[PDB]
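Worksheet: the structure to be examined is printed underneath.
We name chains A, B, ... by the order of the sequence lines, and we start the count at 1 in each one. What you see below is based on every heavy atom in this structure, not just the backbone, and it leaves out hydrogens, waters and symmetry mates.
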Amino acid sequence: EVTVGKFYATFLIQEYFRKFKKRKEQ
Amino acid sequence: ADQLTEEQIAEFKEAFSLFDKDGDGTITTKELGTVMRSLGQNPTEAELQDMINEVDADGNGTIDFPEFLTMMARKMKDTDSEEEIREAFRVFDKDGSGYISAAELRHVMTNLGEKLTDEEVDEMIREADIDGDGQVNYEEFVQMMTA
Ligand SMILES: [Ca+2]
Ligand SMILES: [Ca+2]
Ligand SMILES: [Ca+2]
Ligand code: NA
Ligand code: NA
């Protein structure tokens with residue numbers, strides 16, 4: 001539970017970076 | 001209904017490689033510690049080993065990418081968009097205050113988004129901190145993560 005959540009939160013933040021770069025461009 | 005594209009696997013590999021900083025295909029306790037420490041945490045060796053143990057399916061003491069992918073794809077399949085944001089906020093809200101300081105979130109972002117520039121992280125924080133009080137509260141985080 002807790003361990004999985006820590007790894008998955010990293011991915012979710014990296015996903016946010018990807019979307020932010022897309023919105024900044026288009 | 002929960003297939004993985006090539007791009008999705010590459011995105012999970014980017015998350016894997018955040019921890020596998022030497023690129024040998026395994027995450028060790030030391031590598032996990034390097035990340036957690038960079039976020040200002042101080043896990044013990046036993047705490048690091050227990051974390052590795054939850055994902056290490058074959059018990060050889062490290063996490064490889066098939067183990068990581070198994071855990072990450074299962075988490076994704078089992079958790080909805082609103083739930084995963086909620087849980088991620090609580091990961092970064094270390095003291096359970098309902099806030100992440102702007103300075104803390106900037107440091108988190110610089111360390112988890114290794115190729116981000118300072119200008120980009122600044123823009124992300126300015127967008128996240130809607131009211132500009134220097135704190136990113138829960139609903140501010142939800143709205144930054146859903147945009
Ligand atoms: Ca490694
Ligand atoms: Ca293993
Ligand atoms: Ca705020
Ligand atoms: Na907090
Ligand atoms: Na960077």
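The salt bridge (charged side-chain N to carboxylate O under 4.0 Å, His left out) pairs that include a residue from residues 26-45 of chain B number zero, where partners must be two or more places apart or lie in different chains. Pairs passing the ring-ring contact (aromatic ring centres under 6.0 Å, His included) check and including a residue from residues 20-52 of chain B, sequence neighbours excluded, do not occur. The stretch residues 64-87 of chain B participates, sequence neighbours left out, in these ring-ring contact (aromatic ring centres under 6.0 Å, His included) pairs: A:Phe7-B:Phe68, B:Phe16-B:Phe65, B:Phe16-B:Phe68. Under the salt bridge (charged side-chain N to carboxylate O under 4.0 Å, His left out) criterion, the residue pairs touching residues 89-104 of chain B are B:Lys94-B:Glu104, with sequence neighbours excluded. Note on residues 9-26 of chain B: pairs passing salt bridge (charged side-chain N to carboxylate O under 4.0 Å, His left out), not counting sequence neighbours, are A:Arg18-B:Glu11, A:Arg18-B:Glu14, B:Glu14-B:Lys115, B:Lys21-B:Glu114.
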Run the side chain to side chain contact (heavy atoms under 4.5 Å, CB included) check on B:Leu116 and B:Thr110 step by step: do they pass?
-> CA-CA 7 Å; B:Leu116 299 177; B:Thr110 312; over 6 Å; no
Hey, mind stepping through B:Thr28 and B:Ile52 against side chain to side chain contact (heavy atoms under 4.5 Å, CB included) and telling me if it holds?
-> CA-CA 8 Å; B:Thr28 66; B:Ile52 299 289; over 6 Å; no
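Test B:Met124, B:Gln135, B:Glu140 against B:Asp129 for side-chain contact (heavy atoms from CB on, under 4.5 Å) and you get one pass: B:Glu140.
Atom CG of residue B:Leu18 and atom OG of residue B:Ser38 lie 8.0 Å apart, to the nearest 0.5 angstrom.
Within a 6.0 Å radius of CD in B:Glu83, more than 12 heavy atoms belonging to other residues, nucleotides or ligands are found.
Not counting sequence neighbours, B:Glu67 has no partner by the salt bridge (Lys or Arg N to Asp or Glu O under 4.0 Å) test. Under the side-chain hydrogen bond (donor to acceptor under 3.5 Å, both in side chains) criterion, B:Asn60 pairs with no residue, sequence neighbours left out. Under the side-chain hydrogen bond (donor to acceptor under 3.5 Å, both in side chains) criterion, B:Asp78 pairs with no residue, sequence neighbours left out. Residues passing the ring-ring contact (aromatic ring centres under 6.0 Å, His included) test with A:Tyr8, sequence neighbours excluded: A:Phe11. For the side-chain hydrogen bond (donor to acceptor under 3.5 Å, both in side chains) test, residues two or more places apart in sequence or in another chain that qualify with B:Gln41 are A:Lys6. The side-chain hydrogen bond (donor to acceptor under 3.5 Å, both in side chains) test applied to B:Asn137 returns B:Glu139, not counting sequence neighbours. Under the salt bridge (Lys or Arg N to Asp or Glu O under 4.0 Å) criterion, B:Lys77 pairs with no residue, sequence neighbours left out.
Cluster membership check: B:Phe89 does not share its hydrophobic cluster with B:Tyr99, using side-chain heavy-atom separations under 4.5 Å among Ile, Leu, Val, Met, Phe, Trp and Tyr.
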